[PDB]
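Read through the structure below, which is laid out as structure tokens, and then see the notes.
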Amino acid sequence: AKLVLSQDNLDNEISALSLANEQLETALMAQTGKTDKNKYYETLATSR
Amino acid sequence: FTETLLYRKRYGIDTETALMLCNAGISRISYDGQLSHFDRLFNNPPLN
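Those sequence lines, one after another, are chains A and E. The opening position of the first sequence corresponds to residue 147 in PDB author numbering, with each subsequent residue numbered one higher. The opening position of the second sequence corresponds to residue 486 in PDB author numbering, with each subsequent residue numbered one higher.
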């Protein structure tokens, strides 16, 4: 619903795997409440 | 502009490298829907 229709969104190529990674990061960081990225990979460094 | 054409004529370079030889700044802004020169220089991929 937020998505904008543009010629750039239609033409430009992105990595689909990077889009999947972003889609998972924006949910996990919203669950943990932390807004930083590298802080989340630091707290993911130790988790089991 | 004519230095840009000359510095592309000799050395056989891309035109943006010839512009960077011609004392032009690094563009943060994406040109023609790709990675910008700042991002393709530094954040392709972002380090860690």
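Don't be surprised by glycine CBs; every beta carbon is placed ideally from N, CA and C.
- Three or more pairs of CB atoms, one per stretch, sit closer than 8 angstroms, so the region 512-520 of chain E contacts the region 154-168 of chain A.
- For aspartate 154 (chain A), the C-beta contacts it makes with chain E under 7 angstroms involve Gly518, in order along the chain.
- In the assembly as shown, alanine 503 (chain E) is a buried residue. Its beta-carbon has 16 or more other beta-carbons within 10 Å.
- Secondary structure note for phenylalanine 523 (chain E): its alpha helix (DSSP H) is the uninterrupted segment 522-527.
- Spanning the alpha carbons of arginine 513 (chain E) and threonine 192 (chain A) requires a straight line of approximately 35 angstroms.
- With a cutoff of 8 angstroms on beta-carbon distance, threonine 500 (chain E) and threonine 489 (chain E) are scored as near each other.
- Looking at the backbone, the Cα of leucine 170 (chain A) and that of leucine 163 (chain A) are separated by about 11 angstroms.
- Apart from the 5 residues on each side of it in sequence, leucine 506 (chain E) sits with its Cβ closer than 6 angstroms to the Cβ of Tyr492 in its chain, given in chain order.
- In the DSSP assignment, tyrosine 496 (chain E) falls outside any alpha helix (DSSP H), carrying neither H nor E.
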